Amino acid sequence: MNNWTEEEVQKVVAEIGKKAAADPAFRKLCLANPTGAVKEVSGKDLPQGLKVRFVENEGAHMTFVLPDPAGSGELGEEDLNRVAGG
């Protein structure tokens, strides 16, 4: 399993919305490195094996980042659109 709890994730996502709205550059950060943006908010590193993705809400055009459900069938295989470095 991961080290990130559901409560933490929800809080981070909310703060991502706040920061992305306040600063478009943060939205760009989320796009450039979703997990980096999460670390910026939470101050924690990505649990090894935890796959993370992001979505855009319209027409707000805000980027939100959240980890995939741990223990799910979703594979952690590197995707073509996966940010190098982790």
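No value in this document is a laboratory result; all are computed from the given coordinates. For neighbour counting, all protein chains shown are included, and Cβ atoms are generated from backbone atoms with ideal geometry for every residue, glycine included.
Near residue 79: Cβ cut-off under 14 Å, other residues only, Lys/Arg at +1 and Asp/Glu at -1. The net charge is -1.
The chain has equivalent-ellipsoid semi-axes of 20, 14, 12 Å, by the square roots of 5 times the alpha carbon gyration tensor eigenvalues, sorted largest first. The residues packed around residue 40, meaning those with a beta-carbon under 15 Å from its beta-carbon, carry a net charge of +3 if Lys and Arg are +1 and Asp and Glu are -1.
Taking every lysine pair in the chain that is 8 or more places apart or spans two chains, those with Cα atoms closer than 16 Å amount to 9. Per residue of the chain, the DSSP helices (runs of n ≥ 4 H) give a summed -39500 (n - 2.57) that works out to -12500 deg cm²/dmol at 222 nm. With 0.36 nm allotted per residue and the present C-alpha distance subtracted, the residue 57-residue 40 stretch has 4.1 nm of extension available. Exposed loop sites were defined as trypsin sites (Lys or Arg not before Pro) in DSSP loop states (anything but H, G, I, E or B) carrying at most 14 other C-beta atoms within 10 Å; in the chain the longest segment without such a site runs 1-43.
Using a simple spin-label model with pseudo-atoms 7 Å out from Cα toward Cβ, residue 48 and residue 1 lie 1.9 nm apart.
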